[PDB]
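There are 2 protein chains.
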Amino acid sequence: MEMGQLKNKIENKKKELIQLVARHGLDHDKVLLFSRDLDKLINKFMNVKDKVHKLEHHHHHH
Amino acid sequence: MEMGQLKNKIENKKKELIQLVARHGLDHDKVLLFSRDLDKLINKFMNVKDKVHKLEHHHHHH
Numbered sequence: 001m002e003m004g005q006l007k008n009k010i011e012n013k014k015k016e017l018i019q020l021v022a023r024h025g026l027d028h029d030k031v032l033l034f035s036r037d038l039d040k041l042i043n044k045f046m047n048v049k050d051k052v053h054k055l056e057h058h059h060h061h062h
Numbered sequence: 063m064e065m066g067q068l069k070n071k072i073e074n075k076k077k078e079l080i081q082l083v084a085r086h087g088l089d090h091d092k093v094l095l096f097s098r099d100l101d102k103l104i105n106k107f108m109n110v111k112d113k114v115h116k117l118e119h120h121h122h123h124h
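Chains A and B are the protein sequences, given in the same order. Position 39 of the first sequence, counting from 1, maps to 39 under this note's numbering, and the rest follow consecutively. Here this note's numbering runs 62 ahead of the position in the second sequence, where the first position is 1.
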């Protein structure tokens, strides 16, 4: 059944959704930001568990 | 004009996607995490995070 096809359906459905969030009232920059952030969240769960988050402020904010 | 029906579509589509990301290998806890954090991301960009700003944890939390 191929996970590549599964991923393709994910892409499609995610994109169908992006269109919905977009038509809500997002401008293209918002759509770009949303879609890419959305994509990383998906990739996080789908494959890459990118936990290497750079913390600039550590413990104390100032 | 009704954004309730629009949101109804967003929710449904979001969940259509979630069910696809989920069936890929995500466990039950994974689905729960993904769905709630995805919801949050959408609300963020929609700016529709309800007409209040509920303190939940640091600021909000879902």
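Each residue gets a CB set at the ideal place from its N, CA and C atoms; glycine is no exception.
Look at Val114 of chain B and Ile10 of chain A and say whether their C-beta atoms are less than 7 Å apart.
-> Your numbering for residue 114 of chain B matches position 52 in the second sequence. Your numbering for residue 10 of chain A matches position 10 in the first sequence. The answer is no: Cβ separation not under 7 Å.
Figure out for me which residue from B:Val93, B:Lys92 and B:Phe107 has the closest Cα to the Cα of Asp37 of chain A.
-> For the purposes of this step, residue 37 of chain A is taken as the residue at position 37 of the first sequence. Selected option, being the one with the closest Cα: B:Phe107.
Buried or exposed: where does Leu17 of chain A fall if 16 or more other Cβ atoms within 10 Å of its Cβ makes it buried?
-> Taking the first sequence and counting its residues from 1, the one referred to as residue 17 of chain A is at position 17. Classification of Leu17 of chain A: buried, given that the 10 Å Cβ count is 16 or more.
Could you check where the alpha helix (DSSP H) with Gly66 of chain B kicks off and where it finishes?
-> By one-based count along the second sequence, residue 66 of chain B stands at place 4. Secondary structure note for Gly66 of chain B: its alpha helix (DSSP H) is the uninterrupted segment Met65 to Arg85.
According to a CB-to-CB cut-off of less than 7 Å, which residues of the region 18-51 of chain A neighbour chain B?
-> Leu20, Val21, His24, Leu26, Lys30, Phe34, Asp37, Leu38, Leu41, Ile42, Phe45 and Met46
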